[PDB]
Amino acid sequence: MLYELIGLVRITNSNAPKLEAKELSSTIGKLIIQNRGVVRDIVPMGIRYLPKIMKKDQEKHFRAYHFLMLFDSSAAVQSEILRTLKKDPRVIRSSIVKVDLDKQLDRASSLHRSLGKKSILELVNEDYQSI
Amino acid sequence: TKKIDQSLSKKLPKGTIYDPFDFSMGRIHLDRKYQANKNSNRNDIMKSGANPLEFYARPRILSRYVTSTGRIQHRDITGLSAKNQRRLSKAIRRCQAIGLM
Amino acid sequence: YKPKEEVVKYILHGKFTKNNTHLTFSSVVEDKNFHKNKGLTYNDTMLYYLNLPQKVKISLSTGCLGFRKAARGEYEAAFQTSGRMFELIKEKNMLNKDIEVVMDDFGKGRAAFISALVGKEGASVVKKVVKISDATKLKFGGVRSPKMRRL
Amino acid sequence: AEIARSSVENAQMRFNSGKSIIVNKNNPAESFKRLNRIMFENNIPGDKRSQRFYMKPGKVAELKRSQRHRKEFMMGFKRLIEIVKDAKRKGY
Amino acid sequence: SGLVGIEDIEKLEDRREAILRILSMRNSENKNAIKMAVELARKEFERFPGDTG
Amino acid sequence: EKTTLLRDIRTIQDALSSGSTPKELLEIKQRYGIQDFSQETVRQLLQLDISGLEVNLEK
Amino acid sequence: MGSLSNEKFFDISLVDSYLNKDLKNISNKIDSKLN
Amino acid sequence: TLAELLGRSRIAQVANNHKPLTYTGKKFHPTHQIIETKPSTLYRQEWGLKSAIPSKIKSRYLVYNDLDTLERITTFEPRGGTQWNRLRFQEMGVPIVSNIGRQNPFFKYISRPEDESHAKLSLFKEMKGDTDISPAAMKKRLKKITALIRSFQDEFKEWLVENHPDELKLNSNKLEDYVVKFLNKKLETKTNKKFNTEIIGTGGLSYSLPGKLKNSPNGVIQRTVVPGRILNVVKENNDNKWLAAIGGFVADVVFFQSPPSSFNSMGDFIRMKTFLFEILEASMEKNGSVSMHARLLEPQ
RNA sequence: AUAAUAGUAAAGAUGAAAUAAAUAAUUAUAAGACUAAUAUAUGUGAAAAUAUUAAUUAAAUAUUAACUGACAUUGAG
Ligand SMILES: [K+]
Ligand SMILES: [K+]
Ligand SMILES: [K+]
Ligand SMILES: [K+]
Ligand SMILES: [Mg+2]
Ligand SMILES: [Mg+2]
Ligand SMILES: [Mg+2]
Ligand SMILES: [Mg+2]
Ligand SMILES: [Mg+2]
Ligand SMILES: [Mg+2]
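Per the deposited record, determination of this structure is attributed to cryo-EM, with the resolution reported as 2.87 Å.

As recorded in the PDB entry, chain E goes by 37S ribosomal protein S28, mitochondrial and comes from Saccharomyces cerevisiae.

The name given to chain D in the PDB entry is 37S ribosomal protein MRP21, mitochondrial, and the organism recorded there is Saccharomyces cerevisiae. Its UniProt record gives chain D a comment under Sequence similarities, which states: "Belongs to the bacterial ribosomal protein bS21 family."

Here it is, written out as structure tokens:
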């Protein structure tokens, strides 16, 4: 099944804002590819201010690095990833939503589909045929 | 006084045709009565054919259909179809649960 | 490295219930040497300046002006209590920095406080008020309220 | 450091609630009128009153059904009055 | 019509591995497995090709 | 058999374009039974049933 | 174009012509014409 | 038969129109057909519609949408004022000219493919001119077309290897050109939007040909003087020209050097006074509007 | 509810009342229950019921093609 993970990583060090996010993406990506899974895309969303002050593991946060990770894995692996994300102190909020593949095998991230790009081929073919 | 409130004077656009009635107060009142946000459709993503549920990770677009406090606007105000209102409300509720809205 | 407590603004909070009106005047104190402390992260600094400590200066109710029992929740009791507050803010030399007004509920004293602040009684305080806001606390589901009264 | 000092203005107003008004130093009574409009457009006073006492779910449903009907009934009434006025203007 | 060379075989093997992981029955919903079972069962009982009723 | 179709079809198309005849090809001539290594032998190793169906349907 | 297309992302036409001796029976045909 | 007669009846001649009779947006041209009744018929409330128009109506011109409705009334507005705008334009004797120097749309000119060198610009305009098309009916232009275009694959798989084989073996820069031409050549026979709904030229506002001079008892008229009104007392924001109301049209007035002092004096009541203007040129835009340029002739 | 903080003398309740370093304010911690707007229970479900989010499993729609060939309806117990 195709899944779309949206994780809000903590920005502890203002000098290295994109450090825990890279370390976290590698940890999650390794779980997926080591359990028969495929990572289709990793779309960084940048540092954004949280809608409110949020708390996690007896800590407070006012900003986080947003990132999206579209990956293919089994239901059991997807639950394992979610369990690890709900326990990692780095992660402030994490959501995994299923992306239906009943009609087509290649679906882009919701962010891209919102912009009219329904498949990764459309995104790649707009970076080769026109770039 | 050489000044009039904007609400008491009509500014005729350029290139348009007019009648003598367009200088009357009736035109002012008639324009107020029939003043509807009909140009929203062309600027309303959710009235274009996109699925509102694909915007659950884009709080900026979703924030256009909630009040200042975050209350989802009734379909009477948004003017969306039943399906889009249903999908838009789900998107906003999902966005709130993820920690983005 | 040294406590440098300084006032940044004042908060005029009014709680307008059905039976009384409470008016609290507070100072948002900021230790201007907090960033000079050792072992302080960027998050702790930003978190300290996003919710600065507050100190209560004036606390008044309608019973402090002699209104008793049922008269405490009336329009006149709130109007006079608001005046006494606007006077005590000038008699304590607390009208130098900007004031933020926070209203909490919608009892009969809410419109008396507003009238006393947009009128002669609050012609000094209103000049310093920079932001007005509402802080009415609502519940999304939450605890079960008491049963409807059969009267 | 100063990085945490020069980025507190937006941060302070980035976590807004939507129930605040910047007072107009000229007409301070117009800002309180604006705040009241927000309260009424978010039904803050009505919601607070409706949360004072518990109402049974069946009664809540009945009240919601009746209110919707009255809202819809008024829209139908206004539609018919507009037709009357239009008909009168044209001499019907 | 020819006259970027060719892709390394390791890269073409990884494209195959991605396609076989995405299409693995062990990574899909249980309903897909049941759909395959229905086809298998139908073919063991059908009177002729196309007999479904 | 670690040997894969793609790799095997990449040796029958390089040996047929370079002239090399490593014993792997003889083995490949047994893995698939393709004794002769020509451009018209890889095309008959990769034939898909769908192609036959398309012609039966036209008839 | 189908089989005779220049797109990097082609369709099944190209793979069908290959296995149907069309992309080869046309390449020779074009080359024979050039001769 | 009765059906044949009905199709040719005067009511059938009026094209179906459901556009709002009360429109508060920008009006650039007439939207409804004006209906006129004679004085004798007006005396008997006869307009040639289904039902008698109420006697309160004293005008002899109206515009309508529906002959009858569920409210048992006719939907009409007793006004015919777009005709006076057209006749006032005729009295100003300013021919409409093309600012792009295009051929006159009212003459059957022998045109050539000079502009047809943009075959890929307009052949794809059929699928790309979908600014206001449904999200799925516009998507039906993708599969419906693909099948139609995919049915010409065999024809283009032989023509291209018989007319330009070199390009198929060298580069596709020219192949793409042969593709755009192929479809158009195979589409000119087809009928895709064979009827074009775009406004043709002036749209009927003026059928006057430029060139003629106006003879007058005081000699040939060299400059057309028309009374008008200044609407704003401050030039259009972001534009170096004010706005005038001349003959039912809003024009852009250019002043010689300075703005007359009556502007500051009058202020927002400037529209209460009538000035004399000179109509420099009149153009027609694609939206169907008329771009009238004037000049505030001031007594000197 | 508890603790801290300054700040005070009343607070709370009612038709009016009276029974049992506070109230209010700003922080921190804990617990249980509940689910604001959207919202029409529209819809869905056999009924009872069902409206904070996600996931897993199960079921549910229309048309077309092919197939079975009355295999249906109702239903005491
Ligand atoms: K229902
Ligand atoms: K039978
Ligand atoms: K039976
Ligand atoms: K029974
Ligand atoms: Mg009372
Ligand atoms: Mg009790
Ligand atoms: Mg307390
Ligand atoms: Mg709700
Ligand atoms: Mg129903
Ligand atoms: Mg039964």
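Right, picking up where we left off after that structure.
Digging into the packing of aromatic side chains
Counted by the stated rule, this structure contains 27 aromatic pairs over all chains. Ring geometry for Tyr49(A) and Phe15(D): centres 6.3 Å apart, planes at 90°, overall edge-to-face. Within this pair, whereas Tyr49(A) is found in strand 2 (residues 38–55), its partner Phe15(D) is found in the loop between helix 1 (8–14) and strand 1 (20–22), the two belonging to separate chains. Judged by its relative accessible area of 32%, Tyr49(A) is partly exposed. Pairing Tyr18(B) with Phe23(B) gives two aromatic rings, centres 5.6 Å apart and planes at 65°, and the pair type is edge-to-face. Here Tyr18(B) falls in the buried class, since its relative accessible area comes to 10%. Here the aromatic residues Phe152(H), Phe156(H), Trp159(H), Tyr178(H) and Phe182(H) are joined through ring pairs into a cluster of three or more. Looking at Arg144(C), its charged tip hangs above the ring of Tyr54(D), at a distance of 3.6 Å from the centre.

Section: the protein's contact with RNA strand I
Near RNA strand I you find 62 residues, and of these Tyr3(A), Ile96(A), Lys98(A), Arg149(C) and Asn30(E) are the closest. Between RNA strand I and the protein, one listed contact pairs a sugar or linking oxygen with a backbone N or O atom of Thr52(E) at 3.4 Å. Within the residue set of the surface near RNA strand I, elements represented by two or more residues are helix 2 (75–87) and strand 4 (91–99) of chain A, helix 5 (82–98) of chain B, strand 1 (5–16), strand 2 (21–31) and strand 3 (54–61) of chain C together with helix 4 (57–89) of chain D. In terms of residue count, helix 5 of chain B provides more of the surface near RNA strand I than any other element does, seven residues in total.

Some points on the packing of helix 8 (residues 153–163) of chain H against helix 10 (residues 175–187) of chain H
Residues and elements named next belong to chain H. Packing of helix 8 against helix 10 leaves a shortest axis separation of 11 Å and a crossing angle of 130°. Judged by the inter-axis angle, helix 8 sits oblique to helix 10. In the packing of helix 8 onto helix 10, the handedness of the crossing is right-handed. Contact with helix 8, carried on its side by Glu155, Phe156, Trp159 and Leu160, involves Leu175, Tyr178, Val179, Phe182 and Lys186 of helix 10 and no other residues of that element. Of the residues contributing to the contact of helix 8 with helix 10, the split by class is seven nonpolar, no polar and two charged.

As for the arrangement of the chains
There are 13 pairs of chains in contact here, and the one with the most contacts is chains C and D. For chain D and chain E, which are not in contact, the least C-alpha distance works out to 39 Å. With no contact formed, the shortest span from any C-alpha in chain B to any C-alpha in chain G equals 27 Å.

What about the interface of chain A and chain E?
Listed by partner, the interface residues are eleven residues for chain A and nine residues for chain E. Here chain A and chain E share an interface that buries about 880 Å² over both sides, 51% of which is from carbon and sulfur atoms. For the chain A face of the interface with chain E, the top three residues by lost area are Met1(A), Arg36(A) and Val38(A), together amounting to 53%. At the boundary of chain A and chain E, one finds two salt bridges. Salt-bridge contacts for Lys98(A) lead to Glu29(E); the nearest nitrogen and oxygen are separated by 3.1 Å.

Quick notes on the pairing of strand 3 (residues 60–72) of chain A
Residues and elements named next belong to chain A. Within strand 3, twelve of the 13 residues are buried, which leaves the element mostly enclosed by the surrounding structure. When strand 2 meets strand 3, the two strands line up antiparallel, connected through twelve bridges. Of the residues in strand 3, the one forming a bridge with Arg48 is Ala64. In this structure, the hairpin formed by strand 2 and strand 3 is closed by a connection of four residues, where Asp57 is found at a positive phi of approximately 45°.

Some words on the sheet that holds strand 2 of chain A
Taken together, four strands build an open sheet; the order of strands is 2-3-1-4 (chain A) and the sheet is antiparallel. Among the strands making up the open sheet, the edge pair consists of strand 2 and strand 4 of chain A. The sheet shows a mean angle of 20° between the axes of neighbouring strands, taken without regard to direction. Sitting on the sheet, helix 1 (residues 42–50) of chain C is in contact with strand 2 and strand 3 of chain A, with an inclination near 120° to strand 3 of chain A.

A closer look at the environment of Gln54(C)
Residue and element names in this part refer to chain C. Looking at the secondary structure, you find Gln54 in strand 3. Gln54 sits 26 residues away from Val28 along the chain, and the two C-alpha atoms are 4.5 Å apart. Ignoring anything within four residues of it in the chain, the contact list for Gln54 reads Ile11, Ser26, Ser27 and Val28.

Notes on the interface of chain D and chain C
Accessible area lost when the parts come together is the quantity often used to give the size of an interface. The interface of chain D with chain C comprises 29 residues on the first partner and 32 residues on the second. Buried surface at the junction of chain D and chain C, summed over both partners, amounts to about 3,000 Å²; 68% is from carbon and sulfur atoms. Our enumeration of links across chain D and chain C arrives at two salt bridges. Joining chain D to chain C, the criterion identifies ten residue pairs in polar contact. The element that contributes the greatest number of residues to the side of chain D that touches chain C is helix 2 (residues 28–41) of chain D, accounting for six residues. Split into classes, the residues belonging to the side of chain D that touches chain C amount to 19 nonpolar, five polar and five charged. Bridge analysis of strand 5 (residues 129–134) of chain C against strand 1 of chain D gives three bridges, and the strand direction is antiparallel. Bridge pairing in strand 1 of chain D places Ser133(C) opposite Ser20(D).

Focus: the environment of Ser111(H)
All names here are of chain H. Mapping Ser111 onto the fold places it in the loop between helix 4 (82–91) and helix 5 (119–122). As for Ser111 and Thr31, which are separated by 80 residues in sequence, their C-alpha atoms are 32 Å apart. Here the side chain of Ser111 touches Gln103 through a polar contact of 3.0 Å, side chain to side chain.

A look at helix 10 of chain H
The periodicity of an α-helix, 3.6 residues per turn, causes residues three or four positions apart to be oriented the same way. All names here are of chain H. Taking 1.5 Å of rise per residue, the 13 residues of helix 10 would be expected to cover 18 Å, and the 18 Å separating its terminal C-alpha atoms lies within 8% of that figure. By the burial criterion, the buried members of helix 10 are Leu175, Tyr178, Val180, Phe182, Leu183, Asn184 and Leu187. Of the surrounding elements, those touching the buried residues of helix 10 are helix 5, helix 7 (140–150), helix 8 and helix 9 (165–170).

Criteria and thresholds
- Residues numbered from 1 in each chain as written, not as in the entry; some residues may be left out.
- Chains lettered and ligands numbered in written order.
- Part of a larger assembly, values for the part shown.
- Heavy atoms only, no water.
- UniProt positions renumbered as here; feature names shortened; annotations may be inferred.
- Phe/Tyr/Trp six-rings, centres within 6.5 Å; stacked < 30°, edge-to-face > 60°.
- Helix = DSSP H or I, 4+ residues; strand = E, 2+ residues; numbered from the N terminus.
- Buried < 20%, exposed > 50% of the residue type's maximum accessible area, 1.4 Å probe, protein only.
- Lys NZ or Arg CZ within 6 Å of the ring centre and 35° of its normal.
- Near = heavy atom within 4 Å.
- Polar contact = N/O pair within 3.5 Å; in protein donor to acceptor, adjacent residues only side chain to side chain.
- Axes fitted to C-alpha atoms, helices over the stretch in contact; angles between N-to-C directions.
- Parallel < 35°, antiparallel > 145°, perpendicular 65-115°, else oblique.
- Left-handed = near helix turned anticlockwise from the far one by under 90°.
- Contact = heavy atoms within 4.5 Å.
- Nonpolar A, V, L, I, M, F, W, Y, C, P; charged D, E, K, R; others polar.
- Buried area = accessible area lost by both parts, 1.4 Å probe.
- Salt bridge = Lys/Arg side-chain N within 4 Å of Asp/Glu carboxyl O.
- Pairing = 2+ DSSP bridges.
- Expected span 1.5 Å × (residues − 1).

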